[PDB]
Each structure stands twice: as structure tokens, then as C-alpha cells.
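Asker: Sharing a structure, written as C-alpha cells. Questions coming.
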Amino acid sequence: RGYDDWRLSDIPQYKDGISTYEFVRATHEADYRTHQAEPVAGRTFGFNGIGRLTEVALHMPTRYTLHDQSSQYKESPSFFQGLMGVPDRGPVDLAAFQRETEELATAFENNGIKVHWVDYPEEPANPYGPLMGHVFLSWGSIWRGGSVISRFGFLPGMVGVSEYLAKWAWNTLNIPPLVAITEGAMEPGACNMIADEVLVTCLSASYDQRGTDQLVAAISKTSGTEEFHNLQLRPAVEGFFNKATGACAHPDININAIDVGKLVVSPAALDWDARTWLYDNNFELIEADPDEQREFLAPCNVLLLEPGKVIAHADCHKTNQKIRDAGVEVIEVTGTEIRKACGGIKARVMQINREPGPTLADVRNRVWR
Amino acid sequence: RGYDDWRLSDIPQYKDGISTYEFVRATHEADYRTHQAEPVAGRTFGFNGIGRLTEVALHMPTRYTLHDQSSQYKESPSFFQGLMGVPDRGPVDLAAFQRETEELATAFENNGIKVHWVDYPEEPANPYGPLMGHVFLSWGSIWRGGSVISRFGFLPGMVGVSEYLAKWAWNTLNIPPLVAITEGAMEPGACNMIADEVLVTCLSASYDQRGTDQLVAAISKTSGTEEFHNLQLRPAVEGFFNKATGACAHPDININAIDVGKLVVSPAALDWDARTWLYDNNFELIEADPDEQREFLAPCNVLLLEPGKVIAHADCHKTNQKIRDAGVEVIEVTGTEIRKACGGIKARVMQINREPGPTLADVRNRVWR
Amino acid sequence: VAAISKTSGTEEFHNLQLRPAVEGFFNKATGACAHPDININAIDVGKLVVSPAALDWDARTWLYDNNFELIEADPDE
Ligand SMILES: [Cl-]
Ligand SMILES: [Cl-]
Ligand SMILES: [Cl-]
Ligand SMILES: [Cl-]
Ligand code: NA
Ligand code: NA
């Protein structure tokens, strides 16, 4: 469009004869997401909801991606094994890690999903040490309305990283920031949605109430939904993972949607209030295998491509069969090296764009019981 | 610092023998600004308060900087003259505009203040037309805690511009975003502070309550102050400026600190509640000349370099004498071309860094009446 | 307002409150005034004569929402 060709008709709130007051008022009333954020970006964006995923980012590991090679980990493996709490499965194997990364990318390509690649500097560091956990790009997933700078609860190696990913998203995709979390703890990228307007959080090492309130207030205003609901799990876990029980600080390890009103769910996830809410709202629960969960095979860390189709860890045999039994297609992907730190396959995927999908009303209206 | 030289002692919350819970809790308790935002940026930043200004940005005008040369202005001068409401003083003169820009920069340099320069693309445009008002870099001033994406109330030509300036600040200065305003209207960069923890807003074309609440909640958490106060003016004005009265939608045209508990103030600014609050809190008021105000010479659009020293428009002779009479040094700078649109000298300065300065308690404790 | 609302002979009673920028009775720099009767007055059903120094944004919004037509007084007068 030519620079001298612009006319008043190109301003949506303009109309012939409008008064100053009326024009200003119309401007105050405009929707941020659809008037400002998306037009200025030149595109739609946000991973909210349970609709069709179209666009993600992965990190291809280098030696610096390996948590067990940080000088601080070498100084005290037990300090980090406390924070993370995941079972010890041996040193990370860089080459096998690279191979399961390729395998995941091929699965995305075979399912029509665009994959961006994120690289970090050589010898990447924040003010407090080598980066750690920076393979887990879910921590930088993009919301309707924009990116988020997180307050990490347990992993100091992620300081600087949500900034890096949000800046990457702005420079590479033109996607703006929505909010920085500035109190408590909130790691929104490890949360998941079970309907278009329903968010699952935890109260845990990774989330306190003040952090949660700050995040939810920001994303609810750009959610593109009339209502916004937060289901809050209350897992019994000190750090990230409780290897005695399978309980986890992160929603994405506790629960995930597999279809409209169908969830895969950990045995260590649901307190009575959470169970009641899910019952009242007509959600069908597929319980993950208890051993797969407790051993941290991440059977609930599935990535919903669209209602009825998920990527899952190939060795979660029992949970995956239960998912298929519930009518859901499973794309099996190797995910073993990734689980030597605090996450699985879904945890390592930065979600950029998911198309609007089924609503809580849809879930409530499904006749199944 | 070497990549393999990092130790646990370099994590502030770490100490020998700390439990997982205790380490996580210490991390949840850390101050965002001083633990995360500033260390990750590698510097301090924010224009909050009335302390010593050290760092700003200006825009050197090109033909595209001129509001009266937008194709939309050419289509209807009266539409934009409605929105802005400033007196017609003739076409903007590009060369004279460039010269008063140089003069302002020289004043900064002579006062030990670093000046960055911001350029826009050729033929700069947002989704709704040519940029307009983008010389007014105050709209991108940086807060303690980070940058802000604004919701402009009256000027569609500024859509995209607060984004551009915040992205510039991140890429050029490594200064992160704090928040996007996503409801109503809020133009925080045109607000001013009259003590370290006291912000002046308006309710006007440029600010509604919902926008205000969103902004204040965000900046109060990173303010670095125990309390945070918002004085809210209620000017009688439809657009930006009321040429019958001198009333203005923007705080920076209504009022500004010139020293500790000394303010320059428009005759059209103070309703009874605002007057009462200022009286109770021991603020001395220097009233701007009524004619200078009403004619939009911007006598309150002074820039505080530090308590007791301001830059002011050279032709605000009467207001400037009153400022000198109140013991304040005035640096007179030409500012005539700038005032053909919605702002003066302070309005065109992006403030990046101001050192912490006097508090509300300081103001209250000054003995003067 | 509490006293006059009880004898108003009306189901509801509303108070629109202007917030003029004036120290005493009158601000000769602006035309702002401490008294409503100098700021605004009805001239017909939902038609008001109104000073340029009278209406803050909230007052303007309320009058707009309630369908009042504003005739602006001459600024010099
Ligand atoms: Cl109107
Ligand atoms: Cl768009
Ligand atoms: Cl403890
Ligand atoms: Cl620092
Ligand atoms: Na916020
Ligand atoms: Na009485």
C-alpha cells in the first residue's frame, strides 16, 4: 500500500461526521489483540486452547544444552537432583539426544506443522551461571496477546532464558510481549489448557498465588473468550518431581487434554476439589499408568496436535494403549534423553500458534457418561 | 567469567545445607528488578521519580516525522485538529524543527546527559496509516522494571510505535518489557512523577480507569518503593488540548516537579481533590502563566534534569521567571515547531535512566510554608 | 442529596458531579466555576448549554450514555 494512498477510511474507528469524543471512545473500546497486537505483528499467534497446532519451535542440543555438564552440576549433582527430583537414568548422551530431536521434528513435518529452530550462544550463561534447562522451549510458549517473561521457581539456570525466547519471538516472528511476571513464581509455559478458556495450573515450587494471579489477569484480557477459568492442582511435591509418587510441580506432567472433554491424568494429580470440578464439567479422565508416571516416563507430557491426535513418548506403552482405547491417535516419538532433566516431549516444544478450538461449552455438551 | 568457573556460590539464594524447599522459597522471595531484570539486562534503568536524569533518546525529524504531511491529515486537517486541539501556528518547517532538535541535544550534552538517536523506516506506517506523533519519544519512556506497550486514546498513528520503541530498547539497550496495556487507554510516558513513589495521571482521552489500574499495578511492583501513590487529575478537555482553557489530556502538559516538593502547575489542572491532596502533602505550587498555558506554549512541559534544574521552552518567559524566583535553574531551549502537534520539549524526550531521588517523605518533611 | 432525594417525588435520584479546576468561585484564565449554574444548564428536554471548562471525561461519558445533547457556550463569553 502506497504511503500517500492512506485515507481516513483505513482507520477502523473513523466514520464521516464522528465527533472527537466518539472517535476516542471507539478507540478505548477496541480489542487489543485484534486491533493492535495482531495487526502490528502482521500475523495471528498464541497456543491457547485445544484446537489445531500449526507452528512450534525446538532447540537442537549442543554440549552446552546438557544439564549434567554445567560446572555447578559437577560441583553438586545432589543439589540439582534435589531441585529436579527426577530419577537418575545416567549421563545424558548428546548424540542420542540429537537423534530423538530429529525424530520429533520429522513427526512435526509429517503432520504439517512448521518447526522453527532456536540456538543459544556458545558457552551460554546468565548472571548466576551456565544456562540450565534451556532445551525446554515450552517455557517460552506464546499466548494469545503475546509472550511472557516467567519467574522460575526452582531453576536459576532459566533466569534470562524466557527473556531470550521472548526477544527471539519478537525479532524473528514480530510477536510482542504481553507481560513480565514480577512476583512470586509462575512458569506459564508448563501449564496447559483443557478447553479454549480453561487453564490448568498448580500451586507448587513453580507457581504461587501472587504469580498465578498476575499471569491469569494478563492472559484473560487477550484470551479472546468471554470467560476464563483456572483449575489449580495442589500436588504433594517439594521440588519439580516426587519420585516416590509421580507428583509434579508442572501441570504438563500431571494432566493434558487428548480430545474434547477427554484428559490423560496422573494418579498423583487430582485432589478432591479438582476431581469434583472436572466431574461437574463433564471431563472424561483416562488415567496414566501408575508405574510409567512414578518412574518419570512422562506419560501425561503428550502434545495435542488437534482434538483426537497426540504425540507421546514411545515407551509409555500402557498409557498410550489407554489413549488409543479412548479413540485418540497416538504418534509415538522417542523421548528418553530429554527425561534426564525436568521435562519430556511436550515440555521441550515452544508452541507459537494454535487455531481456536473447542470450548468449555463444547465439553459440557458432549454426551458420553 | 569462564564458563567452567561458575560455582553454587554464584547463585545468591544458594547456601551450604539449604533444603530444596528453602532454596525454592528464597527464589520466590527474590526481588524481580534486582535479581532478574537488571542483572539480565546488564544495567540499571527507569525514569521513575525526581532524581538525576542521566540518559535519554531523541528522534531527528525527517519529512515523514511531520504530522501535517500525512496523507490522512491532507485529507482532513480538521479531523486531526479536533483530536489534538492545539492552536494552528502554520505548517511545520522541517529545517527549523531539525535545528531546535540539535539545540536540545546540545543542552543534554552540556549537562552530562547521554543522548541516543531513534530513526524510523522511510515511509513509516502502521496498519492504519502513516505514523503520526512518533517524534514524541516520551511515549516510550522506560520504567523501573522495563518498557511498556501503550494503548493510545486519540492518535491512531501511534499504534505500532510504542512496540517499535520498546523493541528498540530491548535490542539496543537490552532493556526488557514490563507490560502491555490491553484495555481502555493508558499513555504512561506522558505521565510524570512528583516524588520517588508519586505518579500523576489524568482521566482523559489518553487514560481510563481500567488502563490506569493495569499500568499502576505493573509499575508499582517494580517501583523499588514501599508505597506507590497515583494522583489523578480530571481535566475538562475532549481531545488532547482545550485551546479555550489550557486544559490537557496529558499530565506532562498540566504539571511537573521543578524541585523537591515544588511543582510548576497549569491553572486548568487542579480540581479541588487534587488541590487538597497536594496541600496535605506539603507541595509548593508555582502557577504557570495563564496565557502561555492557554496558547499552548507548553510552560509545564519542562524536563527535570535534577531537583532544582529544568529544561524549558525559551519563549515561556513569564513561567520561566517564576521558576527562577522559586530557586530553580532554567535551561532555555527553543521549542516552537514541536508544539504544532500534541506536545512540547519534555514530550519529545524518551527517558531511559534517572537515578533514585527524593521521596514523598522528603517532600512532607521540607519546612517552607 | 439524602434530604432532597426523600422528598423529590421520584423513584430514583441521580447526582452528576462536575470537578472544575478553580480555586475560588471563578477562574478567569479558563471560565471554570465552583457553581453548577455557571457551568451548565438545561435549555430543553435532553438539551444543555455547557461551558468548555465544565466537563471532565466521566461527566462527558455519563451525559453521552444518557442521551443529552450539548450546546457549547461561546468560549470567550
Ligand atoms: Cl459527542
Ligand atoms: Cl493480523
Ligand atoms: Cl525445609
Ligand atoms: Cl545490574
Ligand atoms: Na499485568
Ligand atoms: Na438530614
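Residues are named by chain letter and number: chains run A, B, ... in the order of the C-alpha cells, numbers start at 1 in each chain, and ligands are numbered from 1 in the order shown.
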I need the residues of stretch 15-136 of chain A that end up classed as helix (DSSP H, G or I) by DSSP on the backbone, written out as number ranges by chain.

Answerer: A: 20-29, 32-41, 63-65, 67-69, 71-75, 77-84, 94-110

Asker: Take the residues that were just selected and, keeping C-alpha atoms, output them as a short mmCIF file (atom, residue, chain, number, x, y, z; two decimals), in the first residue's frame.

Answerer:
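New file part20.cif:
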data_model
loop_
_atom_site.label_atom_id
_atom_site.label_comp_id
_atom_site.auth_asym_id
_atom_site.auth_seq_id
_atom_site.Cartn_x
_atom_site.Cartn_y
_atom_site.Cartn_z
CA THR A 20 -13.70 13.70 18.76
CA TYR A 21 -15.26 12.15 21.89
CA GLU A 22 -16.90 9.38 19.88
CA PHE A 23 -13.72 8.56 17.98
CA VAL A 24 -11.65 8.48 21.17
CA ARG A 25 -14.29 6.35 22.88
CA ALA A 26 -14.37 3.88 19.95
CA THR A 27 -10.59 3.72 20.23
CA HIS A 28 -10.72 2.99 24.01
CA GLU A 29 -13.25 0.23 23.24
CA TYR A 32 -6.16 -5.03 21.94
CA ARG A 33 -5.46 -8.42 20.36
CA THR A 34 -7.35 -7.80 17.09
CA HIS A 35 -6.82 -4.01 16.73
CA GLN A 36 -3.20 -3.62 17.90
CA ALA A 37 -1.19 -6.77 18.73
CA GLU A 38 -2.01 -8.92 15.72
CA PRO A 39 -2.14 -6.17 13.04
CA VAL A 40 1.16 -4.72 14.27
CA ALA A 41 2.71 -8.20 14.32
CA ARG A 63 27.16 -29.95 24.65
CA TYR A 64 26.09 -26.75 26.45
CA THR A 65 22.43 -27.97 26.42
CA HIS A 67 22.44 -30.11 32.45
CA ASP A 68 24.89 -32.69 33.78
CA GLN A 69 27.80 -30.79 32.13
CA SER A 71 30.16 -26.68 36.26
CA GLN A 72 27.58 -26.11 39.02
CA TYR A 73 26.07 -29.56 38.48
CA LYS A 74 29.61 -31.03 38.55
CA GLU A 75 30.16 -29.25 41.87
CA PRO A 77 24.87 -33.32 41.41
CA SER A 78 22.83 -33.79 44.61
CA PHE A 79 21.79 -30.10 44.81
CA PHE A 80 20.28 -30.24 41.30
CA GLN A 81 18.86 -33.75 41.83
CA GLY A 82 17.05 -32.25 44.86
CA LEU A 83 15.65 -29.33 42.85
CA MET A 84 14.56 -31.53 39.95
CA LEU A 94 24.47 -35.92 23.31
CA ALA A 95 24.19 -37.92 20.07
CA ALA A 96 21.09 -39.90 21.09
CA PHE A 97 19.58 -36.60 22.32
CA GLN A 98 20.21 -35.09 18.91
CA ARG A 99 18.64 -38.15 17.22
CA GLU A 100 15.38 -38.05 19.28
CA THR A 101 15.28 -34.31 18.46
CA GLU A 102 15.42 -35.09 14.73
CA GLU A 103 12.76 -37.74 15.22
CA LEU A 104 10.43 -35.22 16.88
CA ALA A 105 10.99 -32.70 14.08
CA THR A 106 10.18 -35.34 11.44
CA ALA A 107 6.92 -36.07 13.33
CA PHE A 108 6.04 -32.37 13.15
CA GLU A 109 6.85 -32.20 9.42
CA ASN A 110 4.85 -35.37 8.71
#

Asker: Specify as a PyMOL selection string all residues of chain C found within 12 Å of chain B, counting only C-alpha atoms.

Answerer: chain C and resi 17-34+39+50-61+72-77

Asker: Could you save those same residues with N, CA and C atoms as a short mmCIF file (atom, residue, chain, number, x, y, z; two decimals), in the first residue's frame?

Answerer:
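Printed below is part_23.cif as written:
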data_model
loop_
_atom_site.label_atom_id
_atom_site.label_comp_id
_atom_site.auth_asym_id
_atom_site.auth_seq_id
_atom_site.Cartn_x
_atom_site.Cartn_y
_atom_site.Cartn_z
N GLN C 17 -21.70 14.95 39.18
CA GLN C 17 -20.79 15.81 39.93
C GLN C 17 -19.61 16.28 39.05
N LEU C 18 -19.60 17.56 38.73
CA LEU C 18 -18.54 18.16 37.96
C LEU C 18 -17.37 18.36 38.90
N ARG C 19 -16.17 18.47 38.31
CA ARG C 19 -14.92 18.59 39.03
C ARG C 19 -14.13 19.74 38.42
N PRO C 20 -14.59 21.01 38.60
CA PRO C 20 -13.97 22.13 37.91
C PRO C 20 -12.62 22.48 38.50
N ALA C 21 -11.70 22.90 37.64
CA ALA C 21 -10.38 23.34 38.08
C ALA C 21 -10.41 24.82 38.41
N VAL C 22 -10.73 25.14 39.68
CA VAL C 22 -10.90 26.51 40.13
C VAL C 22 -10.67 26.55 41.64
N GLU C 23 -9.97 27.62 42.09
CA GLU C 23 -9.60 27.77 43.49
C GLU C 23 -10.74 28.40 44.29
N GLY C 24 -11.22 29.58 43.85
CA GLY C 24 -12.34 30.26 44.49
C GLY C 24 -13.64 29.97 43.76
N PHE C 25 -14.44 31.02 43.50
CA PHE C 25 -15.67 30.90 42.73
C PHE C 25 -15.41 30.78 41.22
N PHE C 26 -14.51 31.60 40.69
CA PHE C 26 -14.32 31.72 39.25
C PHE C 26 -12.83 31.78 38.91
N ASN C 27 -12.49 31.09 37.80
CA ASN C 27 -11.15 31.03 37.26
C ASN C 27 -11.15 31.82 35.96
N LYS C 28 -10.64 33.05 36.01
CA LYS C 28 -10.75 33.98 34.89
C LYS C 28 -9.78 33.61 33.76
N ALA C 29 -8.86 32.67 33.99
CA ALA C 29 -7.97 32.17 32.95
C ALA C 29 -8.67 31.16 32.06
N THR C 30 -9.76 30.53 32.55
CA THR C 30 -10.34 29.36 31.88
C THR C 30 -11.84 29.44 31.71
N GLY C 31 -12.56 30.12 32.61
CA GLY C 31 -14.02 30.09 32.57
C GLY C 31 -14.60 29.03 33.51
N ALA C 32 -13.75 28.29 34.22
CA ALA C 32 -14.19 27.28 35.20
C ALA C 32 -14.81 27.97 36.42
N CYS C 33 -15.79 27.30 37.04
CA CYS C 33 -16.56 27.92 38.10
C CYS C 33 -17.00 26.89 39.13
N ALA C 34 -16.95 27.30 40.42
CA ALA C 34 -17.34 26.49 41.56
C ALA C 34 -18.83 26.12 41.54
N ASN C 39 -21.69 26.58 34.95
CA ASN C 39 -21.04 25.56 34.13
C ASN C 39 -21.99 24.99 33.07
N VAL C 50 -23.55 24.37 27.84
CA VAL C 50 -22.46 23.86 28.66
C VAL C 50 -21.15 24.62 28.42
N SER C 51 -20.46 24.95 29.50
CA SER C 51 -19.18 25.63 29.42
C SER C 51 -18.11 24.69 28.90
N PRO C 52 -17.15 25.22 28.11
CA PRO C 52 -15.94 24.47 27.74
C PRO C 52 -15.01 24.03 28.88
N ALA C 53 -15.19 24.60 30.06
CA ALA C 53 -14.33 24.30 31.19
C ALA C 53 -15.07 23.43 32.20
N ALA C 54 -16.21 22.86 31.82
CA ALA C 54 -17.05 22.15 32.77
C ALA C 54 -16.77 20.66 32.81
N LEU C 55 -16.65 20.01 31.63
CA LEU C 55 -16.83 18.57 31.53
C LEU C 55 -15.51 17.80 31.54
N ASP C 56 -15.27 17.10 32.64
CA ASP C 56 -14.28 16.05 32.71
C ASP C 56 -14.83 14.83 31.98
N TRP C 57 -13.95 13.85 31.78
CA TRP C 57 -14.26 12.74 30.92
C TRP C 57 -15.42 11.90 31.46
N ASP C 58 -15.45 11.68 32.78
CA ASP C 58 -16.53 10.90 33.39
C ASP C 58 -17.87 11.62 33.21
N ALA C 59 -17.89 12.94 33.46
CA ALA C 59 -19.11 13.71 33.28
C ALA C 59 -19.58 13.65 31.83
N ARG C 60 -18.63 13.77 30.89
CA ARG C 60 -18.93 13.71 29.47
C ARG C 60 -19.54 12.37 29.09
N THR C 61 -18.93 11.29 29.61
CA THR C 61 -19.36 9.92 29.33
C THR C 61 -20.80 9.74 29.83
N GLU C 72 -22.48 24.02 23.18
CA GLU C 72 -21.36 24.57 23.89
C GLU C 72 -21.48 26.09 23.87
N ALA C 73 -21.36 26.69 25.06
CA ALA C 73 -21.28 28.13 25.19
C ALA C 73 -20.03 28.62 24.47
N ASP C 74 -20.14 29.84 23.96
CA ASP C 74 -19.01 30.52 23.37
C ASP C 74 -17.89 30.59 24.41
N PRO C 75 -16.66 30.21 24.02
CA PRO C 75 -15.54 30.19 24.96
C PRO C 75 -15.13 31.54 25.52
N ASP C 76 -15.24 32.59 24.68
CA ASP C 76 -14.89 33.94 25.16
C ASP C 76 -15.95 34.49 26.12
N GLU C 77 -17.23 34.29 25.80
CA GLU C 77 -18.31 34.76 26.65
C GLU C 77 -18.14 34.11 28.02
#

Asker: Between B:51, B:343, B:17, B:90, which one has atoms that come closest to chain A, using only C-alpha atoms?

Answerer: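 Using only C-alpha atoms, chain A sits closest to B:17.
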
Asker: Enter the distance from atom CA of residue A:331 to atom CA of residue A:300, in Å, rounded to one decimal.

Answerer: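 Computing it gives 13.7 Å between the two atoms.
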
Asker: If you run DSSP on the backbone here, which positions in stretch 29-204 of chain B get strand (DSSP E or B)? Please write them as a ChimeraX atom specification.

Answerer: /B:46,53-59,114-118,125-126,129-130,143,146-149,151,177-180,186,192-195,198-202,204

Asker: Any chance you could export the current selection's C-alpha atoms as a short mmCIF file (atom, residue, chain, number, x, y, z; two decimals), in the first residue's frame?

Answerer:
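File selection24.cif, as written:
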data_model
loop_
_atom_site.label_atom_id
_atom_site.label_comp_id
_atom_site.auth_asym_id
_atom_site.auth_seq_id
_atom_site.Cartn_x
_atom_site.Cartn_y
_atom_site.Cartn_z
CA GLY B 46 13.96 3.54 34.60
CA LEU B 53 18.43 12.14 34.77
CA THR B 54 21.40 10.54 33.02
CA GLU B 55 20.19 9.09 29.73
CA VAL B 56 17.58 9.88 27.06
CA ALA B 57 16.66 9.38 23.41
CA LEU B 58 15.57 11.86 20.74
CA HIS B 59 14.29 11.47 17.18
CA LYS B 114 23.73 10.73 27.18
CA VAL B 115 21.56 11.05 24.09
CA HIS B 116 20.58 8.09 21.94
CA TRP B 117 19.03 8.71 18.50
CA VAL B 118 16.00 6.82 17.19
CA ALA B 125 3.46 3.18 8.52
CA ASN B 126 1.33 1.09 10.87
CA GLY B 129 -1.74 4.73 8.08
CA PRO B 130 1.48 6.77 8.12
CA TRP B 143 10.03 2.43 33.84
CA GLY B 146 11.06 -2.31 31.98
CA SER B 147 9.34 -0.87 28.92
CA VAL B 148 5.60 -0.52 28.27
CA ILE B 149 3.44 -1.01 25.21
CA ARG B 151 -2.87 1.94 24.46
CA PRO B 177 9.41 -5.23 28.52
CA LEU B 178 7.40 -4.96 31.72
CA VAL B 179 3.81 -4.94 30.44
CA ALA B 180 1.46 -4.31 27.52
CA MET B 186 -3.14 4.44 29.02
CA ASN B 192 5.12 12.35 35.36
CA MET B 193 6.32 11.67 38.87
CA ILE B 194 6.44 14.35 41.58
CA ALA B 195 8.28 12.21 44.10
CA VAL B 198 4.11 9.50 43.45
CA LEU B 199 2.71 9.28 39.90
CA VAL B 200 0.43 11.86 38.28
CA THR B 201 -2.13 10.62 35.76
CA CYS B 202 -5.23 12.15 34.24
CA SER B 204 -8.94 11.92 29.86
#
